[PDB]
Amino acid sequence: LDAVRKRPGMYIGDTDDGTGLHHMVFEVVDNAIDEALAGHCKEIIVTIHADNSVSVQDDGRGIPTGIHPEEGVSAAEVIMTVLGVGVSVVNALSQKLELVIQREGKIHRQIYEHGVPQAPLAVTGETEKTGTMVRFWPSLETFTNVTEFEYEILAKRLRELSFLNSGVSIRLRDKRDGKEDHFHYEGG
Amino acid sequence: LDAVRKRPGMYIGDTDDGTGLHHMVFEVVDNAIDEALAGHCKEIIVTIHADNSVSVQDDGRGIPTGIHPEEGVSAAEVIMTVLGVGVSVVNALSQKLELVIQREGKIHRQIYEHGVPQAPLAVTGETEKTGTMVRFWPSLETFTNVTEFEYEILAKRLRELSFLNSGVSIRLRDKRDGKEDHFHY
Ligand SMILES: Nc1nc2ccccc2[nH]1
Ligand SMILES: Oc1ccc(Cl)cc1O
Ligand SMILES: Oc1ccc(Cl)cc1O
């Protein structure tokens with residue numbers, strides 16, 4: 001990940017004007033839509049939190065959790081730490097990132113800071129549900145000037161995405177002011 | 001460097017009791033001694049600064065500044081960013097690190113933050129002197145409880161090194177309380 005840390009602008013885009021900041025969300029959304037497309041119900045929820053972190057969750061199968069034979073760490077960690085632009089870029093440029101994977105009846109939890117895992121992926125409990133959730137806090141060391149998520153930029157993009165992805169429910173929630181939207185298109 | 005960041009204790013030593021914190025200084029000192037031996041004057045100065053950083057300087061030839069043909073960056077950057085455990089470990093676990101190299105009539109400077117270079121090694125001026133200097137600020141995210149450098153732990157190890165490296169002068173300075181020593185065999 002040090003290649004991304006050396007020149008963040010080359011991977012995420014302009015880190016001053018806010019376009020790079022919002023590209024962080026859309027990169028994670030693309031991964032969530034991919035996971036949502038595999039599965040029948042297909043819902044993603046994008047939440048702008050009061051602390052200016054964003055979470056993106058899907059109810060798909062859950063990203064793989066088994067140990068990668070070569071890398072010697074969970075497949076999830078490989079996805080988060082090995083170089084659209086990839087979720088590993090978002091991880092590298094986030095001062096904190098929380099990963100929650102529900103898969104094979106088990107809840108898996110891992111925490112990252114600036115792309116560095118704080119511990120190995122751990123089974124913390126049990127669950128009837130399946131899916132992946134990433135919540136990330138953009139790095140204030142990288143993202144300057146514009147450091148807050150504008151609702152309208154996300155809302156407009158997710159509406160455009162809904163029409164390309166049939167049967168996928170996309171919910172947008174703003175916990176700062178309670179503003180909500182639900183984009184769901186059934187075409188085909 | 002992410003392997004070091006992931007398990008700092010395995011490379012530097014215990015990050016809570018102060019062992020790891022002081023090993024950061026000793027790792028830089030090892031490289032300073034090697035450089036000091038290859039020069040004429042053969043002196044190292046270890047300075048504990050008031051803001052809880054440590055600088056280690058030698059008066060040797062200066063570490064190489066030219067572009068590494070494989071890595072495609074300065075040889076100095078390769079030393080600071082590629083895996084004694086190496087100064088790259090110290091760089092990875094320092095919230096800031098300042099590198100200054102005096103070599104071939106020129107002063108070179110570079111700044112790192114958590115092992116990430118902020119710019120390429122750059123020529124900032126001219127000089128007749130030669131040597132290398134690294135000043136590092138230990139990461140308070142990694143190093144907990146014992147965050148401040150105890151003078152006597154450093155003094156003890158530098159004394160041992162002065163006997164083993166008989167030709168090399170070693171000065172220790174503490175800018176917090178003005179305490180100082182000069183170890184030379
Ligand atoms: N604050 C901070 N910034 C970092 C960049 C890379 C790795 C660890 C870091 N901790
Ligand atoms: O829902 C998600 C699915 C996959 C990734 Cl990498 C991130 C997500 O947030
Ligand atoms: O004096 C020094 C010489 C070489 C290195 Cl890598 C670090 C120093 O501080």
Side-chain angles (χ1 to χ4, degrees), chain A residues 1-2 4-6 8 25 27-36 38 43-47 54-64 76 79-80 84 86-88 90-102 112-116 131-136 139-142, chain B residues 1-2 4-6 8 25 27-36 38-39 43-47 54-64 75-76 79-80 84 86-88 90-102 112-116 131-136 139-142:
Chain A
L1 300 178
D2 283 302
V4 176
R5 299 200 190 83
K6 270 194 73 164
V25 176
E27 176 52 42
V28 177
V29 167
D30 285 338
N31 289 279
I33 292 169
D34 275 22
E35 291 295 311
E43 186 167 85
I44 77 174
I45 304 167
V46 176
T47 307
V54 169
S55 73
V56 181
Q57 55 184 299
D58 68 88
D59 64 351
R61 303 152 300 170
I63 65 183
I79 291 166
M80 298 298 302
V87 71
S88 64
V90 175
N91 190 207
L93 306 180
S94 294
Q95 64 188 46
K96 189 176 178 187
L97 191 152
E98 296 183 346
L99 178 62
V100 183
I101 301 161
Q102 300 182 71
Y112 296 83
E113 296 179 15
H114 300 276
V116 183
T132 303
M133 182 164 183
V134 172
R135 183 172 173 180
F136 68 95
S139 178
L140 301 179
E141 295 172 7
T142 296
Chain B
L1 294 177
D2 276 329
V4 176
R5 299 196 190 87
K6 187 173 177 190
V25 174
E27 188 53 42
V28 179
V29 169
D30 282 334
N31 293 260
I33 289 171
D34 290 341
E35 291 293 307
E43 178 159 279
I44 291 154
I45 306 171
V46 181
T47 309
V54 170
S55 71
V56 182
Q57 56 187 117
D58 70 278
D59 56 13
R61 297 175 285 95
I63 62 175
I79 294 161
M80 299 307 312
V87 299
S88 65
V90 174
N91 191 204
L93 307 178
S94 291
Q95 65 191 38
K96 193 166 84 152
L97 185 146
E98 178 173 29
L99 173 55
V100 184
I101 302 159
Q102 303 185 79
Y112 294 81
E113 287 181 25
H114 299 276
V116 182
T132 308
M133 192 274 287
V134 170
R135 186 171 172 180
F136 69 97
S139 180
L140 299 176
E141 294 166 12
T142 301

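Here is how names work: the chains are called A, B, and so on, in the same order as the sequence lines, proteins then strands, and each is numbered from 1. Hydrogens, waters and symmetry mates play no part in the numbers below; they use all other heavy atoms, side chains included. As the structure lists them, so they are numbered: ligands from 1, and atoms in each ligand from 1.
- Listed by number with element, the atoms of ligand 3 under 4.0 angstrom from any heavy atom of B:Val28 are 7 (C), 8 (C), 9 (O).
- The proximity of A:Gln95 to ligand 1, defined as any non-hydrogen pair under 4.0 Å, does not occur for either the backbone or the side chain.
- At a cut-off of 3.5 Å, with distance as the only test, a side-chain donor of A:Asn31 or A:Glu27 sits close to an acceptor on the other residue.
- Residue A:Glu113 has no nitrogen or oxygen atom sitting less than 3.5 Å from a nitrogen or oxygen atom of ligand 1, judged on distance alone.
- Rounded to the nearest 0.5 angstrom, A:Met133 CE and A:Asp58 CG are separated by 10.5 Å.
- Taking 4.0 Å as the cut-off between side-chain N and carboxylate O, A:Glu98 and A:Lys96 count as a salt-bridged pair.
- Across all non-hydrogen atoms, the minimal contact from B:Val87 to B:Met80 is CG2-SD, 3.8 Å.
- Looking at B:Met133 next to ligand 3, no N or O pair under 3.5 Å apart turns up.
- Partners of A:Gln95 under the side-chain hydrogen bond (donor to acceptor under 3.5 Å, both in side chains) rule, at least two apart in sequence or in another chain, do not exist in this structure.
- Heavy-atom proximity to A:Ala32, at under 4.0 Å, picks out these atoms of ligand 2: 1 (O), 2 (C), 3 (C).
- Of the N or O atoms in B:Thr132, one or more lie within a sub-3.5 Å distance of an N or O in ligand 3.
- The ligand atoms of ligand 3 that sit less than 4.0 angstrom from a heavy atom of B:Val87 are 6 (Cl).
- Contact atoms of ligand 3 toward B:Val134: 7 (C), 8 (C), 9 (O) (distance under 4.0 Å to a heavy atom of the residue).
- With ligand atoms numbered from 1 in the order given, ligand 1 contributes 1 (N), 2 (C), 10 (N) to contacts under 4.0 Å with heavy atoms of B:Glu141.
- Nearest protein neighbour of atom 9 (O) of ligand 2, counting heavy atoms only, is A:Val56 O, 2.8 Å.
- For atom 5 (C) of ligand 2, the closest non-hydrogen atom on the protein side is A:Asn31 CB, 3.6 Å.
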For A:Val29 and A:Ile44, what are the C-alpha separation, side-chain angles and deciding distance, and is it a side chain to side chain contact (heavy atoms under 4.5 Å, CB included)? CA-CA 8 Å; A:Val29 167; A:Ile44 77 174; 4.1 Å; yes
If you apply the rule side chain to side chain contact (heavy atoms under 4.5 Å, CB included), what do you find for A:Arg135 with A:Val54, and how did you get there? CA-CA 6 Å; A:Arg135 183 172 173 180; A:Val54 169; over 6 Å; no
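- The side chain of A:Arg5, and not its backbone, has at least one atom closer than 4.0 Å to an atom of ligand 1 (non-hydrogen atoms only; side chain from C-beta on).
- Taking OG of A:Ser139 as the reference point, atom CG of A:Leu97 lies at 12.0 Å (rounded to 0.5 Å).
- With rounding to the nearest 0.5 angstrom, the NE2 atom of A:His114 is 5.5 Å from the CD atom of B:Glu141.
- With ligand atoms numbered from 1 in the order given, ligand 3 contributes 1 (O), 2 (C), 3 (C) to contacts under 4.0 Å with heavy atoms of B:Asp58.
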